[PDB]
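In this text, residue positions in the sequence shown follow the entry's author numbering: the first is 4041, and each later residue adds one. Everything below concerns the one structure shown next.
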Amino acid sequence: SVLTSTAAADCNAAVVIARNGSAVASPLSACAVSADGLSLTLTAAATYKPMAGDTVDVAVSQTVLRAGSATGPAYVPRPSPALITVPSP
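Following this line, the structure appears as structure tokens:
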């Protein structure tokens, strides 16, 4: 997968970051993708630090991130947010 656009505003509109049902506004400052495209490379915001817990999902009906390619099928929300072992108690 690859991001169609990588502007600061565009990055925050692609995913929703929450913890215990409470979301976080503009949790990122930038975004990118790995060379092989098998993983994302997100730049965090300055309002939190790593403490081994978090969760993340994708915004409903978003089109910024597309699998296959930048012109392939788009991502859709998971049944539940995926786990991230970083910024939250």
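We put the CB at the ideal spot given by N, CA and C, even for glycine.
Contact under 9 Å by Cβ, residue i with residue j
i        : j        : result
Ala-4048 : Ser-4069 : yes
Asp-4076 : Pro-4127 : no
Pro-4121 : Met-4091 : no
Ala-4107 : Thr-4044 : no
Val-4100 : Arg-4118 : no
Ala-4114 : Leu-4123 : no
Selection from the options that minimises the alpha carbon distance to residue i
i        : options                      : result
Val-4116 : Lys-4089, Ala-4110, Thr-4103 : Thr-4103
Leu-4082 : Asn-4052, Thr-4125, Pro-4119 : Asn-4052
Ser-4074 : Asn-4060, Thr-4046, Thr-4125 : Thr-4046
Integer-rounded CB distance, given that residue j should sit under 8 Å from residue i
i        : j        : result
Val-4096 : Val-4055 : 6 Å
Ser-4066 : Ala-4085 : 6 Å
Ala-4072 : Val-4064 : Not confirmed; about 20 Å, so no contact.
* Complete runs of the alpha helix (DSSP H) confined to the region 4082–4120 [at least 4 residues] -> Whole alpha helix (DSSP H) segments, 4+ residues: zero.
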